[PDB]
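# Descriptive structure summary
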Amino acid sequence: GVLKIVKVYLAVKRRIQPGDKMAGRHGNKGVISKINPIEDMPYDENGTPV
Amino acid sequence: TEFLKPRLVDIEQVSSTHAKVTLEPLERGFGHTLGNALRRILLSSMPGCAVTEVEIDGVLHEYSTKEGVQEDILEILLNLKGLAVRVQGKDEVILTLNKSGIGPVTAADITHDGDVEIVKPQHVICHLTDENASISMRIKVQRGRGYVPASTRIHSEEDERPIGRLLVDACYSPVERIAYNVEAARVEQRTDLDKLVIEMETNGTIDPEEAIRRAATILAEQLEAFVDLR
């Protein structure tokens with residue numbers, strides 16, 4: 001039945017967002033809840049944000 | 001009202017990227033008041049220029065491979081995001097880069113415009129391995145503020161759709177790191193009154209003193225509304 005086939009390849013570039021699942025290596029799961037702005041994040045006396 | 005205003009004392013510029021700025025005398029509690037409120041404007045609100053569009057010849061998309069080049073096109077785009085550029089007159093400049101032969105393609109290979117300064121000329125963009133290989137591209141630098149991703153920019157404009165134009169995440173804000181501190185002032189007899197050291201770590205373009213001046217201007221413009229309109 002098949003006369004010819006065209007296979008198309010797309011490339012999606014998905015960045016992280018709330019809902020995406022992350023983890024470490026000790027079975028510590030988690031879901032992103034909010035991308036907090038750099039201005040709002042905690043920072044040490046040195047000044048470098050977490 | 002015992003209004004006691006600070007004044008800009010010393011700007012210890014250790015490097016063109018990293019510079020301390022001491023501030024005294026501040027009345028009790030104003031050290032942290034301005035310190036954080038400024039840090040926030042200096043992180044997010046500082047205007048700067050950043051590579052928005054790139055268009056390489058022999059390249060239909062960023063995922064393809066160019067012959068005679070070590071880096072994949074994505075890794076070249078990455079290097080162009082961190083390209084230090086200062087446009088003096090216009091808001092948008094489209095620079096041309098044609099280069100060939102065996103050599104690490106540096107920022108100096110770009111044709112500089114009458115009113116465009118490439119701040120780090122030795123900045124690496126691409127590595128040409130083959131002598132026969134030649135690279136050609138058109139780098140659009142626009143001015144904006146903060147950080148504008150390519151995923152946020154592919155969901156707004158899109159009026160002209162030229163096949164062969166790679167959009168790049170814009171790193172407009174020039175301030176990379178900033179952290180204010182507090183030290184002894186040792187003035188006349190104020191004692192309690194101290195100073196405020198604002199340590200800024202930026203790219204090339206935006207000058208430490210100039211940047212703090214702009215950031216205080218932005219805060220004063222927001223305060224117009226709280227002074228004028230009650």
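Before going further, it helps to examine empty space enclosed by the protein. Residue and element names in this part refer to chain B. Scanning the entire structure with this criterion turns up one cavity of 30 Å³ or more. As a volume, the largest cavity reaches approximately 30 Å³. Along the walls of the largest cavity sit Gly 48, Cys 49, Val 85, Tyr 172, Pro 174, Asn 203, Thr 205 and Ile 206, which together make up its complete lining. Residue composition of the lining of the largest cavity, by class: five nonpolar, three polar and no charged. Shared between two domains, the lining of the largest cavity holds at least three residues of each, these being domain 1 (1–47 + 173–230) and domain 2 (48–172).

This next bit is on the layout of surface pockets. Residues and elements named next belong to chain B. A volume near 1300 Å³ is recorded for the largest pocket. Lining the largest pocket are 34 residues, and of these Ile 154, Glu 158, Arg 165, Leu 166 and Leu 167 sit closest to its centre. Mapped onto the lining of the largest pocket, the elements with two or more residues apiece are β3 (47–56), α2 (73–81), β9 (134–145) and β10 (166–167). Looking at side-chain class alone, the lining of the largest pocket contains 13 nonpolar, seven polar and 14 charged residues. The computed volume of the second largest pocket comes to approximately 890 Å³. Of all the secondary-structure elements, those providing two or more residues to the lining of the second largest pocket are α1 (30–44), β3 and β11 (175–180). Take the lining of the second largest pocket: its biggest share by element is four residues, from β11. Taken together, the residues that form the lining of the second largest pocket break down as 19 nonpolar, nine polar and six charged. Both domain 1 (1–47 + 173–230) and domain 2 (48–172) contribute no fewer than three residues apiece to the lining of the second largest pocket.

So, how was this worked out
Residues numbered from 1 in each chain as written, not as in the entry; some residues may be left out. Chains lettered and ligands numbered in written order. Part of a larger assembly, values for the part shown. Heavy atoms only, no water. 1 Å grid on protein atoms, 1.4 Å probe; cavity = no way out; pocket = protein on both sides within 12 Å on 5 of 7 lines; lining within 4 Å. Points joined across faces, edges and corners; volume = space filled by probe spheres on them. Nonpolar A, V, L, I, M, F, W, Y, C, P; charged D, E, K, R; others polar. Domains from an automatic or database assignment. Helix = DSSP H or I, 4+ residues; strand = E, 2+ residues; numbered from the N terminus.

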